[PDB]
file input36.txt (compact mmCIF, N, CA and C atoms and all ligand atoms)
# COMPACT_ATOMS: atom_id res chain seq x y z
N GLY A 1 137.89 96.19 112.01
CA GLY A 1 137.31 95.34 113.03
C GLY A 1 135.84 94.95 112.85
N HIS A 2 135.45 93.90 113.58
CA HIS A 2 134.08 93.39 113.55
C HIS A 2 133.14 94.36 114.25
N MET A 3 131.96 94.53 113.66
CA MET A 3 130.94 95.43 114.15
C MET A 3 129.71 94.59 114.45
N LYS A 4 129.14 94.79 115.62
CA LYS A 4 127.99 94.00 116.03
C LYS A 4 126.70 94.80 115.84
N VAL A 5 125.63 94.10 115.48
CA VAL A 5 124.31 94.73 115.44
C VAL A 5 123.61 94.65 116.80
N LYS A 6 122.50 95.38 116.94
CA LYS A 6 121.77 95.41 118.21
C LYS A 6 120.80 94.25 118.35
N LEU A 7 120.10 93.90 117.27
CA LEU A 7 119.01 92.92 117.28
C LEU A 7 119.37 91.66 116.50
N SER A 8 118.55 90.64 116.66
CA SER A 8 118.69 89.42 115.88
C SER A 8 117.38 89.10 115.20
N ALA A 9 117.42 88.18 114.23
CA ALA A 9 116.17 87.71 113.63
C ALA A 9 115.17 87.21 114.69
N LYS A 10 115.66 86.40 115.66
CA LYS A 10 114.75 85.86 116.68
C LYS A 10 114.17 86.96 117.57
N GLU A 11 114.97 87.98 117.90
CA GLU A 11 114.47 89.05 118.74
C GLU A 11 113.37 89.84 118.04
N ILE A 12 113.46 89.98 116.71
CA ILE A 12 112.40 90.69 115.97
C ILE A 12 111.16 89.80 115.83
N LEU A 13 111.35 88.50 115.62
CA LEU A 13 110.22 87.58 115.59
C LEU A 13 109.42 87.65 116.87
N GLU A 14 110.11 87.76 118.00
CA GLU A 14 109.48 87.56 119.30
C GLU A 14 109.13 88.86 120.03
N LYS A 15 109.50 90.02 119.46
CA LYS A 15 109.21 91.30 120.09
C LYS A 15 107.72 91.44 120.30
N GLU A 16 107.33 91.83 121.50
CA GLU A 16 105.91 92.09 121.76
C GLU A 16 105.75 93.60 121.90
N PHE A 17 104.75 94.18 121.24
CA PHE A 17 104.47 95.61 121.40
C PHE A 17 103.21 95.78 122.22
N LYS A 18 103.20 96.75 123.11
CA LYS A 18 101.92 96.99 123.74
C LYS A 18 101.01 97.69 122.74
N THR A 19 99.75 97.75 123.11
CA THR A 19 98.74 98.34 122.22
C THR A 19 98.28 99.68 122.77
N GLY A 20 97.49 100.36 121.91
CA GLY A 20 96.89 101.62 122.34
C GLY A 20 95.91 102.11 121.31
N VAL A 21 95.23 103.20 121.66
CA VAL A 21 94.24 103.80 120.73
C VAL A 21 94.96 104.30 119.47
N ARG A 22 94.32 104.07 118.32
CA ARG A 22 94.87 104.50 117.01
C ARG A 22 96.29 103.97 116.78
N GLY A 23 96.64 102.84 117.38
CA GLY A 23 97.89 102.21 117.07
C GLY A 23 97.91 101.67 115.63
N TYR A 24 99.13 101.30 115.22
CA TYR A 24 99.30 100.74 113.88
C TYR A 24 98.64 99.37 113.81
N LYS A 25 97.94 99.10 112.70
CA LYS A 25 97.29 97.82 112.47
C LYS A 25 98.29 96.70 112.62
N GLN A 26 97.95 95.71 113.43
CA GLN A 26 98.96 94.70 113.79
C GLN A 26 99.42 93.93 112.59
N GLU A 27 98.52 93.53 111.71
CA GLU A 27 98.98 92.71 110.61
C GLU A 27 99.91 93.49 109.71
N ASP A 28 99.66 94.80 109.51
CA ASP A 28 100.54 95.62 108.64
C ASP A 28 101.96 95.62 109.22
N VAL A 29 102.08 95.84 110.52
CA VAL A 29 103.40 95.84 111.14
C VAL A 29 104.02 94.46 111.07
N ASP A 30 103.25 93.42 111.39
CA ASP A 30 103.83 92.08 111.49
C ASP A 30 104.32 91.58 110.12
N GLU A 31 103.57 91.87 109.05
CA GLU A 31 103.96 91.44 107.70
C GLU A 31 105.25 92.14 107.28
N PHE A 32 105.40 93.39 107.69
CA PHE A 32 106.60 94.13 107.32
C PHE A 32 107.79 93.65 108.13
N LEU A 33 107.58 93.40 109.43
CA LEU A 33 108.65 92.83 110.24
C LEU A 33 109.05 91.46 109.72
N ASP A 34 108.12 90.70 109.11
CA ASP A 34 108.53 89.40 108.59
C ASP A 34 109.55 89.56 107.46
N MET A 35 109.40 90.62 106.66
CA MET A 35 110.37 90.87 105.60
C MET A 35 111.70 91.26 106.18
N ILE A 36 111.68 92.08 107.24
CA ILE A 36 112.91 92.46 107.97
C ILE A 36 113.60 91.23 108.53
N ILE A 37 112.84 90.30 109.11
CA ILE A 37 113.44 89.10 109.68
C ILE A 37 114.21 88.34 108.62
N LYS A 38 113.64 88.21 107.43
CA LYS A 38 114.35 87.46 106.38
C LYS A 38 115.63 88.18 105.98
N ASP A 39 115.60 89.53 105.98
CA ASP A 39 116.83 90.29 105.69
C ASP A 39 117.87 90.07 106.79
N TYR A 40 117.47 90.12 108.05
CA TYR A 40 118.45 89.78 109.10
C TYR A 40 119.06 88.40 108.87
N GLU A 41 118.25 87.40 108.47
CA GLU A 41 118.79 86.07 108.22
C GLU A 41 119.78 86.09 107.06
N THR A 42 119.46 86.84 105.99
CA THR A 42 120.34 86.94 104.82
C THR A 42 121.65 87.64 105.18
N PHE A 43 121.56 88.75 105.92
CA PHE A 43 122.76 89.48 106.32
C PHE A 43 123.63 88.59 107.19
N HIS A 44 123.02 87.91 108.17
CA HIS A 44 123.80 87.10 109.10
C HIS A 44 124.49 85.95 108.36
N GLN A 45 123.78 85.30 107.44
CA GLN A 45 124.38 84.22 106.65
C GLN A 45 125.54 84.72 105.81
N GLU A 46 125.43 85.91 105.22
CA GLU A 46 126.54 86.32 104.36
C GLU A 46 127.76 86.72 105.19
N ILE A 47 127.52 87.35 106.34
CA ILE A 47 128.63 87.67 107.25
C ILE A 47 129.29 86.39 107.76
N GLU A 48 128.51 85.36 108.09
CA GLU A 48 129.12 84.10 108.54
C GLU A 48 130.04 83.52 107.46
N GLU A 49 129.58 83.58 106.20
CA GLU A 49 130.33 83.09 105.05
C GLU A 49 131.57 83.94 104.81
N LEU A 50 131.43 85.26 104.87
CA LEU A 50 132.59 86.11 104.66
C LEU A 50 133.58 85.98 105.80
N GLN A 51 133.12 85.82 107.04
CA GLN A 51 134.10 85.70 108.14
C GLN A 51 134.85 84.35 108.11
N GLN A 52 134.17 83.26 107.75
CA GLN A 52 134.88 81.99 107.61
C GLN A 52 135.90 82.06 106.48
N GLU A 53 135.58 82.78 105.39
CA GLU A 53 136.52 82.94 104.30
C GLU A 53 137.70 83.79 104.74
N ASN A 54 137.43 84.87 105.47
CA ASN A 54 138.47 85.75 106.02
C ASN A 54 139.44 84.97 106.90
N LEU A 55 138.90 84.11 107.77
CA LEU A 55 139.77 83.27 108.60
C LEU A 55 140.65 82.36 107.76
N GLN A 56 140.09 81.75 106.71
CA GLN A 56 140.89 80.86 105.86
C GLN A 56 142.01 81.62 105.15
N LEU A 57 141.71 82.82 104.62
CA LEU A 57 142.71 83.61 103.90
C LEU A 57 143.84 84.05 104.82
N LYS A 58 143.49 84.53 106.02
CA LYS A 58 144.49 84.93 107.00
C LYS A 58 145.34 83.75 107.42
N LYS A 59 144.77 82.55 107.43
CA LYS A 59 145.58 81.38 107.78
C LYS A 59 146.59 81.04 106.69
N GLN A 60 146.19 81.10 105.42
CA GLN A 60 147.16 80.84 104.35
C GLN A 60 148.32 81.84 104.41
N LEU A 61 148.03 83.09 104.76
CA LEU A 61 149.02 84.15 104.79
C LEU A 61 149.91 84.06 106.02
N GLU A 62 149.47 83.35 107.06
CA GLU A 62 150.31 83.00 108.18
C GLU A 62 151.05 81.71 107.88
N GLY B 1 125.67 82.06 99.85
CA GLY B 1 124.72 82.33 98.78
C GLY B 1 124.66 83.78 98.33
N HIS B 2 123.57 84.18 97.68
CA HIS B 2 123.46 85.54 97.17
C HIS B 2 122.98 86.49 98.26
N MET B 3 122.82 87.75 97.89
CA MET B 3 122.35 88.78 98.80
C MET B 3 120.99 89.27 98.31
N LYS B 4 119.98 88.40 98.43
CA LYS B 4 118.59 88.74 98.09
C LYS B 4 117.93 89.48 99.26
N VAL B 5 118.36 90.72 99.45
CA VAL B 5 117.84 91.60 100.50
C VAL B 5 116.55 92.29 100.05
N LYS B 6 115.56 92.31 100.91
CA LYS B 6 114.22 92.76 100.52
C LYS B 6 114.04 94.26 100.67
N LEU B 7 114.65 94.85 101.69
CA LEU B 7 114.36 96.23 102.08
C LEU B 7 115.64 97.02 102.25
N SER B 8 115.47 98.32 102.45
CA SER B 8 116.57 99.25 102.63
C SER B 8 116.18 100.12 103.78
N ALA B 9 117.15 100.81 104.36
CA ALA B 9 116.81 101.71 105.46
C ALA B 9 115.82 102.77 104.99
N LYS B 10 116.02 103.28 103.77
CA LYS B 10 115.08 104.29 103.24
C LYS B 10 113.65 103.72 103.11
N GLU B 11 113.50 102.47 102.64
CA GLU B 11 112.16 101.88 102.54
C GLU B 11 111.52 101.71 103.91
N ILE B 12 112.34 101.46 104.92
CA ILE B 12 111.77 101.33 106.26
C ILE B 12 111.31 102.70 106.79
N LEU B 13 112.09 103.74 106.55
CA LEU B 13 111.68 105.08 106.91
C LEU B 13 110.38 105.49 106.21
N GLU B 14 110.27 105.18 104.93
CA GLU B 14 109.11 105.63 104.14
C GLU B 14 107.83 104.82 104.39
N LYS B 15 107.94 103.59 104.92
CA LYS B 15 106.78 102.72 105.11
C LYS B 15 105.74 103.35 106.01
N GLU B 16 104.48 103.22 105.61
CA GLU B 16 103.37 103.70 106.42
C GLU B 16 102.52 102.51 106.79
N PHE B 17 101.90 102.58 107.96
CA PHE B 17 100.98 101.54 108.39
C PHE B 17 99.60 102.15 108.59
N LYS B 18 98.60 101.42 108.18
CA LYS B 18 97.24 101.85 108.54
C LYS B 18 97.08 101.83 110.06
N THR B 19 96.16 102.67 110.58
CA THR B 19 95.87 102.62 112.01
C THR B 19 94.52 101.95 112.19
N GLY B 20 94.31 101.41 113.40
CA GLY B 20 93.00 100.87 113.75
C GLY B 20 92.43 101.64 114.93
N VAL B 21 91.21 101.32 115.29
CA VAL B 21 90.71 101.89 116.54
C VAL B 21 91.70 101.60 117.65
N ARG B 22 92.21 100.36 117.67
CA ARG B 22 93.39 99.99 118.45
C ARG B 22 94.43 99.37 117.53
N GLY B 23 95.67 99.43 117.99
CA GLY B 23 96.77 98.77 117.28
C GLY B 23 98.00 98.78 118.13
N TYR B 24 99.14 98.39 117.54
CA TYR B 24 100.40 98.50 118.29
C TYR B 24 100.76 99.97 118.55
N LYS B 25 101.24 100.25 119.74
CA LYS B 25 101.51 101.62 120.11
C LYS B 25 102.55 102.20 119.14
N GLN B 26 102.24 103.34 118.54
CA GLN B 26 103.11 103.83 117.47
C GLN B 26 104.52 104.16 117.96
N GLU B 27 104.62 104.74 119.16
CA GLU B 27 105.92 105.09 119.72
C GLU B 27 106.84 103.87 119.75
N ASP B 28 106.30 102.75 120.20
CA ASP B 28 107.10 101.56 120.44
C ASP B 28 107.52 100.92 119.12
N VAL B 29 106.61 100.87 118.15
CA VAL B 29 106.98 100.35 116.84
C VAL B 29 108.04 101.25 116.20
N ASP B 30 107.83 102.56 116.23
CA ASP B 30 108.78 103.45 115.53
C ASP B 30 110.18 103.34 116.16
N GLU B 31 110.24 103.27 117.51
CA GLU B 31 111.55 103.22 118.15
C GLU B 31 112.25 101.91 117.86
N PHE B 32 111.46 100.84 117.65
CA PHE B 32 112.06 99.56 117.27
C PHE B 32 112.57 99.62 115.83
N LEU B 33 111.81 100.28 114.95
CA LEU B 33 112.27 100.50 113.56
C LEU B 33 113.55 101.30 113.54
N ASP B 34 113.72 102.24 114.48
CA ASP B 34 114.96 103.04 114.48
C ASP B 34 116.14 102.15 114.73
N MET B 35 116.00 101.21 115.66
CA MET B 35 117.08 100.29 115.95
C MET B 35 117.41 99.45 114.73
N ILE B 36 116.36 98.98 114.07
CA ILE B 36 116.49 98.17 112.86
C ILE B 36 117.24 98.95 111.77
N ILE B 37 116.84 100.20 111.49
CA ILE B 37 117.53 101.02 110.47
C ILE B 37 119.01 101.11 110.80
N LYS B 38 119.32 101.32 112.07
CA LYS B 38 120.71 101.42 112.46
C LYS B 38 121.45 100.09 112.22
N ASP B 39 120.76 98.96 112.43
CA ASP B 39 121.38 97.65 112.14
C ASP B 39 121.59 97.42 110.64
N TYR B 40 120.64 97.84 109.79
CA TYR B 40 120.88 97.70 108.35
C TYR B 40 122.18 98.40 107.96
N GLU B 41 122.44 99.58 108.53
CA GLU B 41 123.68 100.32 108.25
C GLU B 41 124.90 99.54 108.72
N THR B 42 124.82 99.01 109.94
CA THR B 42 125.91 98.20 110.48
C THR B 42 126.17 96.96 109.64
N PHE B 43 125.12 96.19 109.32
CA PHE B 43 125.30 95.02 108.46
C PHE B 43 125.98 95.39 107.15
N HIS B 44 125.54 96.48 106.53
CA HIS B 44 126.17 96.91 105.28
C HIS B 44 127.65 97.19 105.45
N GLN B 45 128.01 97.92 106.49
CA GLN B 45 129.42 98.29 106.68
C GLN B 45 130.25 97.07 106.99
N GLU B 46 129.68 96.12 107.72
CA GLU B 46 130.43 94.91 108.01
C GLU B 46 130.67 94.09 106.75
N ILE B 47 129.64 93.93 105.91
CA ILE B 47 129.79 93.18 104.67
C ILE B 47 130.78 93.87 103.75
N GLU B 48 130.69 95.19 103.62
CA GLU B 48 131.66 95.90 102.77
C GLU B 48 133.09 95.73 103.28
N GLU B 49 133.29 95.83 104.60
CA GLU B 49 134.63 95.68 105.16
C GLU B 49 135.19 94.29 104.87
N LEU B 50 134.39 93.24 105.07
CA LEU B 50 134.86 91.88 104.83
C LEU B 50 135.13 91.61 103.35
N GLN B 51 134.30 92.18 102.48
CA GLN B 51 134.48 91.91 101.07
C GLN B 51 135.78 92.55 100.59
N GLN B 52 136.08 93.74 101.09
CA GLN B 52 137.30 94.38 100.60
C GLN B 52 138.53 93.76 101.25
N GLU B 53 138.43 93.42 102.54
CA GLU B 53 139.52 92.73 103.22
C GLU B 53 139.82 91.40 102.54
N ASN B 54 138.78 90.62 102.21
CA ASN B 54 139.02 89.32 101.59
C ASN B 54 139.60 89.47 100.20
N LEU B 55 139.15 90.48 99.45
CA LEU B 55 139.75 90.75 98.14
C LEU B 55 141.23 91.03 98.28
N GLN B 56 141.58 91.87 99.26
CA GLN B 56 142.97 92.27 99.43
C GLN B 56 143.83 91.07 99.80
N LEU B 57 143.28 90.14 100.61
CA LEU B 57 144.09 89.00 101.03
C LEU B 57 144.24 87.98 99.91
N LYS B 58 143.21 87.84 99.09
CA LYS B 58 143.29 86.97 97.94
C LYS B 58 144.35 87.48 96.97
N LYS B 59 144.34 88.78 96.68
CA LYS B 59 145.34 89.36 95.77
C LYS B 59 146.76 89.18 96.30
N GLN B 60 146.95 89.37 97.59
CA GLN B 60 148.29 89.23 98.13
C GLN B 60 148.78 87.79 98.03
N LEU B 61 147.89 86.81 98.26
CA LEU B 61 148.29 85.40 98.17
C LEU B 61 148.88 85.08 96.81
N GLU B 62 148.43 85.77 95.77
CA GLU B 62 148.89 85.45 94.44
C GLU B 62 149.85 86.48 93.86
N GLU B 63 150.05 87.62 94.53
CA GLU B 63 151.01 88.65 94.06
C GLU B 63 152.18 88.88 95.04
ZN ZN A 101 136.30 97.05 111.09
ZN ZN A 102 137.64 93.21 109.37
ZN ZN A 103 132.59 90.78 111.47
ZN ZN A 104 98.27 91.80 104.83
ZN ZN A 105 125.58 82.82 113.27
ZN ZN A 106 127.30 84.46 99.76
ZN ZN A 107 102.11 108.60 102.69
ZN ZN A 108 127.52 97.15 99.78

call {"tool": "encode", "arguments": {"input": "input36.txt", "output": "structure tokens", "more": "lines below"}}
Ligand SMILES: [Zn+2]
Ligand SMILES: [Zn+2]
Ligand SMILES: [Zn+2]
Ligand SMILES: [Zn+2]
Ligand SMILES: [Zn+2]
Ligand SMILES: [Zn+2]
Ligand SMILES: [Zn+2]
Ligand SMILES: [Zn+2]
result
Amino acid sequence: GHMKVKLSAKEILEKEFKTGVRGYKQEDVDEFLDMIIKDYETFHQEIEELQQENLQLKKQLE
Amino acid sequence: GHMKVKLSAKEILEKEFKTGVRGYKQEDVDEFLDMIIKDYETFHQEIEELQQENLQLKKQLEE
């Protein structure tokens, strides 16, 4: 069966964190989250491609 | 297209960030990273399941 993730690329782009003393440097976190966002986009695109292919194969077999 | 994935759950665990006098609250960033690590695992399992399912259906169509 299909398994869903918790977050999306847009939710990570738009997440706001509160601040505090000795918090993590914002640019360090944001640059790393940007790499994560691109991975979410890559994962989502490949799943979309694999699920459309899965639907086509199941249709030929029906 | 291809699977040009940049990071792994282990790389996310190992990543360190410099701190500032102020910055993003560490608790909140770390707990968000935990959710992300769990999603990388889910994405992987979903892709593996679809790849093997599609292989099996392709083979059956021709055998
Ligand atoms: Zn499943
Ligand atoms: Zn499946
Ligand atoms: Zn799925
Ligand atoms: Zn930088
Ligand atoms: Zn989509
Ligand atoms: Zn692909
Ligand atoms: Zn270190
Ligand atoms: Zn894999």

call {"tool": "residues_around", "arguments": {"input": "input36.txt", "residues": "region 49-63 of chain B", "least_positions_apart": "3", "cutoff": "7 Å", "atoms": "only N, CA and C atoms", "output": "number ranges by chain"}}
result
A: 50-51, 53-54, 57-58, 61; B: 44-46

call {"tool": "closest_atom_pairs", "arguments": {"input": "input36.txt", "of": "chain A", "to": "ligand ZN 102 (chain A)", "cutoff": "8 Å", "atoms": "all atoms listed in the file", "output": "tab-separated table"}}
result
residue	atom	partner	partner_atom	distance
A:1	N	A:ZN102	ZN	4.0
A:2	N	A:ZN102	ZN	4.8
A:3	N	A:ZN102	ZN	7.2

call {"tool": "atom_distance", "arguments": {"input": "input36.txt", "atom1": "atom C of residue 27 (chain B)", "atom2": "atom C of residue 5 (chain B)"}}
result
24.8 Å

call {"tool": "interface_residues", "arguments": {"input": "input36.txt", "of": "chain B", "to": "chain A", "cutoff": "5 Å", "atoms": "only N, CA and C atoms", "output": "tab-separated table (two decimals) with N, CA and C atoms, in the coordinates of the input"}}
result
chain	number	residue	atom	x	y	z
B	18	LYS	N	98.60	101.42	108.18
B	18	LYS	CA	97.24	101.85	108.54
B	18	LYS	C	97.08	101.83	110.06
B	19	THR	N	96.16	102.67	110.58
B	19	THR	CA	95.87	102.62	112.01
B	19	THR	C	94.52	101.95	112.19
B	20	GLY	N	94.31	101.41	113.40
B	20	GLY	CA	93.00	100.87	113.75
B	20	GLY	C	92.43	101.64	114.93
B	21	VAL	N	91.21	101.32	115.29
B	21	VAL	CA	90.71	101.89	116.54
B	21	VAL	C	91.70	101.60	117.65
B	22	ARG	N	92.21	100.36	117.67
B	22	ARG	CA	93.39	99.99	118.45
B	22	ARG	C	94.43	99.37	117.53
B	23	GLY	N	95.67	99.43	117.99
B	23	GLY	CA	96.77	98.77	117.28
B	23	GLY	C	98.00	98.78	118.13
B	24	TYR	N	99.14	98.39	117.54
B	24	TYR	CA	100.40	98.50	118.29
B	24	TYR	C	100.76	99.97	118.55
B	25	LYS	N	101.24	100.25	119.74
B	25	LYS	CA	101.51	101.62	120.11
B	25	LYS	C	102.55	102.20	119.14
B	26	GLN	N	102.24	103.34	118.54
B	26	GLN	CA	103.11	103.83	117.47
B	26	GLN	C	104.52	104.16	117.96

call {"tool": "closest_atom_pairs", "arguments": {"input": "input36.txt", "of": "chain B", "to": "ligand ZN 106 (chain A)", "cutoff": "8 Å", "atoms": "all atoms listed in the file", "output": "JSON lines"}}
result
{"residue": "B:1", "atom": "N", "partner": "A:ZN106", "partner_atom": "ZN", "distance": 2.9}
{"residue": "B:2", "atom": "N", "partner": "A:ZN106", "partner_atom": "ZN", "distance": 4.3}
{"residue": "B:3", "atom": "N", "partner": "A:ZN106", "partner_atom": "ZN", "distance": 5.9}

call {"tool": "write_last_selection", "arguments": {"input": "input36.txt", "atoms": "N, CA and C atoms", "output": "tab-separated table (two decimals), in the frame of the given file"}}
result
chain	number	residue	atom	x	y	z
B	1	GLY	N	125.67	82.06	99.85
B	1	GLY	CA	124.72	82.33	98.78
B	1	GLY	C	124.66	83.78	98.33
B	2	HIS	N	123.57	84.18	97.68
B	2	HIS	CA	123.46	85.54	97.17
B	2	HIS	C	122.98	86.49	98.26
B	3	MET	N	122.82	87.75	97.89
B	3	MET	CA	122.35	88.78	98.80
B	3	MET	C	120.99	89.27	98.31

call {"tool": "atom_distance", "arguments": {"input": "input36.txt", "atom1": "CA of residue 15 (chain B)", "atom2": "CA of residue 33 (chain B)"}}
result
10.3 Å

call {"tool": "build_atoms", "arguments": {"input": "input36.txt", "residues": "region 44-56 of chain A", "atoms": "N, CA, C and O atoms", "output": "PDB file, in the frame of the given file"}}
result
ATOM      1  N   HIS A  44     123.020  87.910 108.170  1.00  0.00           N
ATOM      2  CA  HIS A  44     123.800  87.100 109.100  1.00  0.00           C
ATOM      3  C   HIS A  44     124.490  85.950 108.360  1.00  0.00           C
ATOM      4  O   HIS A  44     125.680  85.669 108.604  1.00  0.00           O
ATOM      5  N   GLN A  45     123.780  85.300 107.440  1.00  0.00           N
ATOM      6  CA  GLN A  45     124.380  84.220 106.650  1.00  0.00           C
ATOM      7  C   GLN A  45     125.540  84.720 105.810  1.00  0.00           C
ATOM      8  O   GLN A  45     126.566  84.026 105.685  1.00  0.00           O
ATOM      9  N   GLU A  46     125.430  85.910 105.220  1.00  0.00           N
ATOM     10  CA  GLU A  46     126.540  86.320 104.360  1.00  0.00           C
ATOM     11  C   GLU A  46     127.760  86.720 105.190  1.00  0.00           C
ATOM     12  O   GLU A  46     128.901  86.494 104.780  1.00  0.00           O
ATOM     13  N   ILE A  47     127.520  87.350 106.340  1.00  0.00           N
ATOM     14  CA  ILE A  47     128.630  87.670 107.250  1.00  0.00           C
ATOM     15  C   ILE A  47     129.290  86.390 107.760  1.00  0.00           C
ATOM     16  O   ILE A  47     130.526  86.334 107.872  1.00  0.00           O
ATOM     17  N   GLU A  48     128.510  85.360 108.090  1.00  0.00           N
ATOM     18  CA  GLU A  48     129.120  84.100 108.540  1.00  0.00           C
ATOM     19  C   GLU A  48     130.040  83.520 107.460  1.00  0.00           C
ATOM     20  O   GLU A  48     131.155  83.055 107.739  1.00  0.00           O
ATOM     21  N   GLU A  49     129.580  83.580 106.200  1.00  0.00           N
ATOM     22  CA  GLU A  49     130.330  83.090 105.050  1.00  0.00           C
ATOM     23  C   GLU A  49     131.570  83.940 104.810  1.00  0.00           C
ATOM     24  O   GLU A  49     132.667  83.403 104.566  1.00  0.00           O
ATOM     25  N   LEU A  50     131.430  85.260 104.870  1.00  0.00           N
ATOM     26  CA  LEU A  50     132.590  86.110 104.660  1.00  0.00           C
ATOM     27  C   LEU A  50     133.580  85.980 105.800  1.00  0.00           C
ATOM     28  O   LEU A  50     134.772  86.056 105.554  1.00  0.00           O
ATOM     29  N   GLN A  51     133.120  85.820 107.040  1.00  0.00           N
ATOM     30  CA  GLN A  51     134.100  85.700 108.140  1.00  0.00           C
ATOM     31  C   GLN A  51     134.850  84.350 108.110  1.00  0.00           C
ATOM     32  O   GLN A  51     136.039  84.301 108.420  1.00  0.00           O
ATOM     33  N   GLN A  52     134.170  83.260 107.750  1.00  0.00           N
ATOM     34  CA  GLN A  52     134.880  81.990 107.610  1.00  0.00           C
ATOM     35  C   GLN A  52     135.900  82.060 106.480  1.00  0.00           C
ATOM     36  O   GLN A  52     136.991  81.493 106.592  1.00  0.00           O
ATOM     37  N   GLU A  53     135.580  82.780 105.390  1.00  0.00           N
ATOM     38  CA  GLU A  53     136.520  82.940 104.300  1.00  0.00           C
ATOM     39  C   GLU A  53     137.700  83.790 104.740  1.00  0.00           C
ATOM     40  O   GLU A  53     138.852  83.457 104.431  1.00  0.00           O
ATOM     41  N   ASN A  54     137.430  84.870 105.470  1.00  0.00           N
ATOM     42  CA  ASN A  54     138.470  85.750 106.020  1.00  0.00           C
ATOM     43  C   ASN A  54     139.440  84.970 106.900  1.00  0.00           C
ATOM     44  O   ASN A  54     140.661  85.147 106.806  1.00  0.00           O
ATOM     45  N   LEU A  55     138.900  84.110 107.770  1.00  0.00           N
ATOM     46  CA  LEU A  55     139.770  83.270 108.600  1.00  0.00           C
ATOM     47  C   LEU A  55     140.650  82.360 107.760  1.00  0.00           C
ATOM     48  O   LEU A  55     141.850  82.206 108.037  1.00  0.00           O
ATOM     49  N   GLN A  56     140.090  81.750 106.710  1.00  0.00           N
ATOM     50  CA  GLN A  56     140.890  80.860 105.860  1.00  0.00           C
ATOM     51  C   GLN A  56     142.010  81.620 105.150  1.00  0.00           C
ATOM     52  O   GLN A  56     143.161  81.150 105.086  1.00  0.00           O
TER      53      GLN A  56
END
